[PDB]
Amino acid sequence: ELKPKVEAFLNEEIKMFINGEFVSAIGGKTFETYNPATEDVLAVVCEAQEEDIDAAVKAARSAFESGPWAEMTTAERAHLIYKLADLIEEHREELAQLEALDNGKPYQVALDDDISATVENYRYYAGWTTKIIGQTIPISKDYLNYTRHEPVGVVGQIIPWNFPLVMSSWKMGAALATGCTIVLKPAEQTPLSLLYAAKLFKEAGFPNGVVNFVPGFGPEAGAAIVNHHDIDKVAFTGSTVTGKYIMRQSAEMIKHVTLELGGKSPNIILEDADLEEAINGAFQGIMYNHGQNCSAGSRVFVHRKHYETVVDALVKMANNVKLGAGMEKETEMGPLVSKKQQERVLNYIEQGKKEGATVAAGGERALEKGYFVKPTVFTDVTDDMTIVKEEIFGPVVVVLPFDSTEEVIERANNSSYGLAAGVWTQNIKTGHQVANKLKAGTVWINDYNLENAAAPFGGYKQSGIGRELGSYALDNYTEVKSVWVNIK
């Protein structure tokens, strides 16, 4: 049942947030957002055009060069961010409902993971605003040498639909902590949650134009941001194809880019794994968030001795998941975010069948309406098959036998991706030997899918450029100035 502040919000058309103000599109356009469990329209949203991105950017440039955001102390800036965290926590139920309605994930996991992650995130980055230190370099007695880590200026941020609010924080926490200002575009599929949270930025006391949210379409609002002459730096999370474009375009202006893109991450069950723990790890690794997760362990490698056991366990668990609407208490898995996404994973399933793979579970739509896909388990697969190389992005796992540690490292590594990886082994040497050898940004040894504001996240190879999260994330929003003072 809908919370009253959510009912009130969804009762009017959704406005953009530009220069501390809730506004319509300058030319009045709007777009629809849907509920993927029902396929009905959930809201009508003001649609940002190029001229709106230009208003957002002017407002951001201005808040950065002059005024309170530019005059504030690092303690004062930190307080703003902490207060935002508190506010998001006060409205945890309202935001969780919006993610459940707009994205489609279960309400309770939006509350326990997404909203708590977002809150911890801001809290973490609020602590960095006073600790972004530069250096004093001893070189000569004739010179004082030091570096300042100055905020790069106005940043352009584009994020996807699969963890809408979490990803807004991954982006803004680090950038805001260095003292930048922000033009952010949420995904056309999932703008609501960020646009509700705007109120909380206003109420926490963020000066006008420090943040600006411009919902819309990728080729218009999105591309306006990437091609704008007065955006200093761009950060993107999304598909590899859009990734490549953003970097291409960013080259025209010698603009720093940080990309978080796709994965085909291996999750590896060696002979001395604790089998009961690795099975649950493998299953949650792919099935968490309906498989709509960059870091999903969509290639479960199993030592040959345990293959038939883990496959039997993964089939049983696949058929056991409770499919339903995110706003139903009993739901464990919701649907895909859109019709186009469901069609896409269903075409990947058909491709796998026609290439010779065997569906041991799932492999088809689920329910009467909504964009559901049954959790799917593929067997009899080879490394050269399409389904084993390309990111599917649905609850679809491929399960591969291997006979030696050296073999599985090489097959795990033979990929264009390198975002994450899992390794299950009880042995101390093997754990760290394998972790060392895998070409992946994040390695989990006897676990999978763990994220924290304090730990860096990002890809090797075509999974990205740069890291978000941790201390490392600050570097992207900074510009290093080496000052030399003649004291001779």
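In case it trips you up, residue 1 is the first one in the sequence shown, and so on.
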Quick one: higher average CA temperature factor, 125-133 or 312-320?
312-320
Quick one: say whether 277-285 or 207-215 has the higher mean Cα B-factor in the deposited entry.
277-285
Residue with maximal Cα B-factor (values as given in the PDB entry) among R344, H290, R299, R148
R344
Residue with maximal Cα B-factor (values as given in the PDB entry) among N162, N227, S295, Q97
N227
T442 CA temperature factor, ranked by third within the chain:
lowest
Third of chain Cα B-factors occupied by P335
lowest
Can you work out whether the C-alpha temperature factor of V154 puts it in the lowest, middle or highest third of the chain?
lowest
Split the chain's modelled residues into thirds by Cα B-factor; is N476 in the lowest, middle or highest one?
middle
Looking at the C-alpha B-factor of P68, is it in the lowest, middle or highest third of its chain?
highest
